[PDB]
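The next block holds one structure in the form of structure tokens; read it before the comments.
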Amino acid sequence: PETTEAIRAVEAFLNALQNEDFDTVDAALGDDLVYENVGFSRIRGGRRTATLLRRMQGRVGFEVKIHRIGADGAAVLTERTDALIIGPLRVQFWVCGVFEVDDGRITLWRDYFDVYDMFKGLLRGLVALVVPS
Amino acid sequence: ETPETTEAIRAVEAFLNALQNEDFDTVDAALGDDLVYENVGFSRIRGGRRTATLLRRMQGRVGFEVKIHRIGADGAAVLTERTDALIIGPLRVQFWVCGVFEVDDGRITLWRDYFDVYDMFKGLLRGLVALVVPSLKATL
Amino acid sequence: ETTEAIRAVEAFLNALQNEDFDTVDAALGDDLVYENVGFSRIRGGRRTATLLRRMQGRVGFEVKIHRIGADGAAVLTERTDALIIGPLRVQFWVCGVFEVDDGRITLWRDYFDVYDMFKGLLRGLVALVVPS
Amino acid sequence: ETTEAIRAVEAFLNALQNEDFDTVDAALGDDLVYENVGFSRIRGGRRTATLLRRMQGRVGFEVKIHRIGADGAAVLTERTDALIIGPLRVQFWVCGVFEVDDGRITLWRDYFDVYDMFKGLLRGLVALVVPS
Amino acid sequence: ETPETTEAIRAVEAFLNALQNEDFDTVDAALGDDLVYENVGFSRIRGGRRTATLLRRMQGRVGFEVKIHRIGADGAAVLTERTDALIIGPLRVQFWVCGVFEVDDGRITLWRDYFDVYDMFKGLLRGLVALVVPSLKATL
Amino acid sequence: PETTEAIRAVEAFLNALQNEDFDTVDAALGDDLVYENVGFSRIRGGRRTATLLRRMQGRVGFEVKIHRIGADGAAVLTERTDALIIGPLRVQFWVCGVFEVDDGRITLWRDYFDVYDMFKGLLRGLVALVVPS
Ligand SMILES: [Ca+2]
Ligand SMILES: [Ca+2]
Ligand SMILES: [Ca+2]
Ligand SMILES: [Ca+2]
């Protein structure tokens with residue numbers, strides 16, 4: 012089932028990110044990956060993205076929580092809560108991700124999020140840094 | 010025996026075309042009595058009828074366009090990658106939206122639209138610029 | 013090889029008719045080009061497969077293959093197809109040409125005639141009122 | 013057998029294009045049924061052969077075969093044909109199905125689309141005025 | 010290089026349709042200056058122009074129908090198996106004709122029609138009967 | 012050449028009649044022959060026609076002269092002068108014949124002629140019987 016397959020590849024990928032399983036991250040990313048944080052960044056190349064993420068371990072941690080996930084042929088859509096963690100600072104924000112997978116490899120990774128939501132997440136992180144809650 | 014999955018996708022597509030087309034009786038039929046409608050971070054409304062007549066009353070003041078790029082389902086949940094546009098006379102404001110829906114028995118019980126204020130602000134600036142230079146107006 | 017390509021095409025067309033959409037998925041290549049000649053072109057096997065899957069319960073298909081031959085990876089068919097939308101049945105001839113690579117369909121090209129389809133429509137509309 | 017049937021069909025279609033009417037005669041079975049689907053049916057190989065022979069100098073034919081496969085005695089073709097009447101050239105797709113028995117064609121069934129043919133006509137008429 | 014055989018057949022067909030259609034300029038172009046025209050056992054006329062204007066002058070008095078069942082050529086000679094009809098108002102007289110032609114350079118130099126007085130007499134009786142019982146009138 | 016073939020079969024047949032070559036007549040006639048003298052007679056069956064003609068030798072002779080002959084697919088048309096000969100009486104008259112040939116065999120033989128022309132032929136025959144010319 013090619014649908015189920017695409018879904019699992021995306022789930023395996025996002026779990027790998029969260030778990031710092033960087034060999035799985037490498038295996039999951041297509042050579043011609045385009046990776047967009049929409050309105051903010053674009054990177055081309057699975058390998059360049061894979062090594063960039065690998066080089067972030069120990070300075071920024073990632074959490075990903077997938078609330079909903081569905082497929083449309085080769086595309087997979089996600090509704091998530093993500094968090095960047097830099098030492099004691101935790102920045103949480105919603106993310107909707109769209110992916111394209113081809114033969115078990117991710118060829119498009121496109122994350123949408125809101126600067127207002129992200130800003131609130133930052134304020135909450137910073138406040139929590141002096142009131143651990 | 011056609012799966013609830015195909016049904017749910019189709020209900021959401023029918024609903025979004027109905028909004029764009031101003032087909033308010035289909036909008037009425039599409040929305041469950043206990044609808045919760047969220048523009049994430051901005052508004053929450055409860056109740057299909059209250060939302061349905063709110064939308065109906067916008068006719069002639071603000072038009073909507075919806076272009077769905079990708080849509081898929083997770084049981085009763087439906088996810089959507091779109092470009093939307095709000096039109097107020099000659100001003101057109103275009104922005105991306107990701108919507109998540111829940112459908113129960115052909116009726117929409119959750120409608121949750123996600124967007125970015127930055128992207129929206131950029132859409133507004135382009136709308137405003139196009140008011141003066143009709144050539145820079147966004148299109149679907 | 014030849015028989016293989018023929019069987020893939022038959023299996024695919026029967027799966028369409030039977031609404032066996034996993035099999036439809038498995039039959040179509042990633043780089044499928046799908047044409048209704050003069051009318052539509054779609055690229056991608058996943059896209060085509062999910063488009064067909066999503067028609068279930070709105071349009072049914074029937075396919076009768078009268079003749080089917082092969083030349084290497086190419087398979088040609090002479091068929092009668094029908095589209096079914098509720099009580100409305102529209103029947104019309106189709107000649108389909110396919111290319112199959114490794115059990116997967118990489119080209120699917122259906123030819124038909126608007127005049128023949130128009131007549132099928134009239135007959136279908138008449139049949140709505142005189143079920144016979 | 014299979015190759016035999018394919019070669020008879022190719023030889024026949026090339027003979028048509030080349031106006032080699034004895035070969036056209038030799039290719040067609042006595043009990044040929046010849047159909048242009050939705051449009052014409054003629055029975056008899058001699059009748060069909062002399063009808064084609066008698067068009068020489070009034071209508072020319074061109075046939076390009078893109079794909080050709082066989083299933084036993086049946087041969088299917090995907091083609092581009094053209095009818096040529098003086099400076100007017102009308103080009104259109106044809107899918108032809110044939111049956112061959114003992115080197116002779118016993119069925120010749122051409123399928124085409126009126127919309128595609130209409131477009132070919134417009135293009136031909138336009139070309140009369142803008143030769144390009 | 011299309012054979013004189015196909016040409017000759019076509020000239021004869023064009024000529025006979027021209028008679029039926031009253032297309033008298035094609036009739037004029039079709040008939041050679043030294044035409045000999047025979048209804049075998051009944052009439053001989055010499056000269057394409059004299060025959061052409063004779064035929065032209067029959068317009069509105071006697072109509073012709075021609076149905077060719079078989080036609081074939083022997084070099085410049087063309088043979089024809091037909092059913093003809095002469096129409097004079099409501100009277101229609103139908104009979105078989107075998108015609109032999111010779112064509113030289115697209116022009117008809119010999120036109121020789123064969124028929125049977127008996128068959129013609131039968132055609133006349135049926136014509137006359139059909140005048141009174143319109144249902145028994147011959148058709149092509 | 013199937014055209015040439017049909018023509019020759021008809022020529023061979025009409026020559027055979029004239030020459031009383033009755034085995035050739037037999038070979039030339041199809042089992043399902045229809046034989047018409049138009050307006051006058053119809054017979055079905057190659058064999059019945061072949062034997063009828065065979066049974067005429069010694070009482071009526073036939074002459075056939077083909078002026079023109081042509082083909083239209085399987086059909087062959089003829090313009091002829093024929094003559095029936097009964098002892099010293101010779102009856103001459105024009106005949107146009109149409110034939111259909113299938114696989115070298117004649118399946119349709121249809122002769123057209125005129126009773127007026129035939130009557131004149133009879134008078135001329137009878138007159139010649141007292142004035143041998
Ligand atoms: Ca972790
Ligand atoms: Ca794949
Ligand atoms: Ca003799
Ligand atoms: Ca034969």
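Residue numbers (PDB author numbering), protein chains in the order written: chain B, 12 to 144; chain C, 10 to 149; chain A, 13 to 144; chain A', 13 to 144; chain C', 10 to 149; chain B', 12 to 144. A prime marks a further copy of an entry chain.
All residues carry an ideal CB built from backbone N, CA and C; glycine is no exception.
Contact check, residue i vs residue j, beta carbons under 7 Å
{"i": "residue 80/C", "j": "residue 83/B", "result": "yes"}
{"i": "residue 93/B", "j": "residue 109/B", "result": "no"}
{"i": "residue 74/C", "j": "residue 121/C", "result": "no"}
{"i": "residue 146/C", "j": "residue 91/C", "result": "no"}
{"i": "residue 67/C", "j": "residue 104/C", "result": "no"}
{"i": "residue 58/A'", "j": "residue 85/B'", "result": "yes"}
{"i": "residue 20/A'", "j": "residue 115/A'", "result": "yes"}
{"i": "residue 45/B'", "j": "residue 119/B'", "result": "yes"}
{"i": "residue 37/A", "j": "residue 17/A", "result": "no"}
{"i": "residue 41/B'", "j": "residue 117/B'", "result": "yes"}
In DSSP terms, what residue i is bridged to
{"i": "residue 137/A'", "result": "Residue 137/A' is not bridged to any residue."}
{"i": "residue 48/B", "result": "52/B and 122/B"}
{"i": "residue 76/C", "result": "92/C"}
{"i": "residue 61/A", "result": "In DSSP, residue 61/A forms no bridge with anything."}
{"i": "residue 116/B", "result": "113/B"}
{"i": "residue 83/A", "result": "86/A"}
{"i": "residue 104/A", "result": "93/A"}
{"i": "residue 40/B'", "result": "117/B'"}
Inter-residue Cα distance where the pair is residue i and residue j
{"i": "residue 113/A'", "j": "residue 71/A'", "result": "29 Å"}
{"i": "residue 23/C'", "j": "residue 39/A'", "result": "30 Å"}
{"i": "residue 135/A", "j": "residue 88/A", "result": "27 Å"}
{"i": "residue 137/A'", "j": "residue 126/B'", "result": "56 Å"}
{"i": "residue 33/B'", "j": "residue 26/B'", "result": "11 Å"}
{"i": "residue 43/B'", "j": "residue 123/B'", "result": "20 Å"}
{"i": "residue 49/B'", "j": "residue 55/B'", "result": "14 Å"}
{"i": "residue 35/C'", "j": "residue 64/A", "result": "60 Å"}
{"i": "residue 28/C'", "j": "residue 111/C'", "result": "17 Å"}
{"i": "residue 13/A'", "j": "residue 14/A", "result": "15 Å"}
{"i": "residue 11/C", "j": "residue 96/A", "result": "15 Å"}
{"i": "residue 144/A'", "j": "residue 99/A'", "result": "12 Å"}
{"i": "residue 30/B'", "j": "residue 30/C'", "result": "46 Å"}
{"i": "residue 142/A", "j": "residue 148/C'", "result": "36 Å"}
{"i": "residue 51/B", "j": "residue 51/A", "result": "39 Å"}
Interface positions of the segment 50-70 of chain B' facing chain C' (Cβ-Cβ less than 8 Å), listed along the chain | Among the residues of the segment 50-70 of chain B', those with a Cβ less than 8 Å away from any Cβ of chain C' are 50, in the order of the chain.
Residues near ligand 2, CB to any non-hydrogen atom under 7 Å, in chain order?
-> Here the residues come out as 13/B, 113/B, 114/B and 42/A.
Below 9 Å between beta carbons is the criterion; list the residues of the segment 27-46 of chain A that meet it against any residue of chain B, in chain order.
-> If the cut-off is 9 Å between Cβ atoms, the segment 27-46 of chain A has 34, 37, 38 and 42 near chain B.
Short-range partners of chain A' found in the segment 73-99 of chain A, where Cβ spacing is below 7 Å | Residues of the segment 73-99 of chain A with a Cβ closer than 7 Å to any Cβ of chain A', in chain order: 79, 80, 81, 82, 83, 86, 87, 88 and 90.
What residues in the segment 108-130 of chain B' have a beta carbon less than 8 Å from any beta carbon of chain C'?
-> Shown in chain order are the members of the segment 108-130 of chain B' whose Cβ falls below 8 Å from a Cβ of chain C': 109, 123, 124, 125, 126, 127 and 128.
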